[PDB]
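In the entry's author numbering, the protein residues as written are 1 to 60. Positions of the beta carbon are idealized from the N, C-alpha and C atoms, including for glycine. What follows is a set of notes on a single structure, which appears directly below.
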Amino acid sequence: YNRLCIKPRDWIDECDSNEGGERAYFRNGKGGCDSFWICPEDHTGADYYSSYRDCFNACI
Numbered sequence: 001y002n003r004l005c006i007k008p009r010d011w012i013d014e015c016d017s018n019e020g021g022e023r024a025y026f027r028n029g030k031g032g033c034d035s036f037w038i039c040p041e042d043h044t045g046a047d048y049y050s051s052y053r054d055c056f057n058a059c060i
């Protein structure tokens, strides 16, 4: 399965709507994509899997 939809620990994980709301969906383990709120500056010009259908097809 796809390597970027797992997500590391030391990267800025939870900015939220008013600070910088990039909603990026990433796998916990068995079957479930969780939306982490990044911040604009860390993720480059890409958008890291912004739906439950894109992350669940790519990782699960």
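{"Item": "Per-residue DSSP class, three states only, for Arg53", "Value": "helix"}
{"Item": "Span of the alpha helix (DSSP H) around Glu19", "Value": "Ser17 to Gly20"}
{"Item": "Three-state secondary structure assigned by DSSP to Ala24", "Value": "strand"}
{"Item": "Separation of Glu19 from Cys5, as counted between CA atoms", "Value": "23 Å"}
{"Item": "Cut-off 7 Å between Cβ atoms - residues of its own chain near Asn28, not counting five sequence neighbours on either side", "Value": "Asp34"}
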